[PDB]
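Okay, so here's just one chain, in structure tokens, the form deposited in one PDB entry.
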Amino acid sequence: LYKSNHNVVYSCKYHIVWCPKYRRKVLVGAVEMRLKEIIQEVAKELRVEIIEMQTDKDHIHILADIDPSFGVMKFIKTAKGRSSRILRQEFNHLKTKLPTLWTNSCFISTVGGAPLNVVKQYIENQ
């Protein structure tokens, strides 16, 4: 459930989705395997909580908990950016067949239900 940063009590979870360039179904086999590895590593390094993360031929789906003071875009930037660089060094076709691994676009959807009774305990905890 909830977690607390310096004086900020939060529960922030997002549904993030992004596709490779031209929607090329390259996220398969060893590539999708490596992709998830690097993102988990990034998440640990950026204190991001990876909840759900399944990969599909032409897109990835991540559900993460991120400190509102940190920023979703910051996580996405390291995720997309590092993956592209690292992958393009291992899987050569990613570099030759595509100018970049990803696009400058992503899908962000906030997830969570109105947590009544947790609001009241917060208030009384003040």
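The numbering used is simple: start at 1 and walk along the sequence shown. Heads up, when I say rigid core I mean the largest set of C-alphas that superpose within 1.5 Å between the two forms. Only residues modelled in both forms are compared.
The following text describes the form deposited in another entry, which does not appear among the structures shown.
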Where among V9, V111, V118, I108 does the Cα move by 2 Å or more between this form and the one not shown after the core is superposed? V118
Against the shown form, C-alpha atoms of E49 and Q121 in the other entry: closer or farther, for a change of 3 Å or more? farther
Out of closer and farther, which fits the Cα atoms of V118 and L46 in the other entry compared with this form, where the change is 3 Å or more? farther
As a test: superpose on the rigid core, then list the runs of at least 3 residues whose Cα atoms all move 2 angstroms or more between this form and the one not shown. 113-126
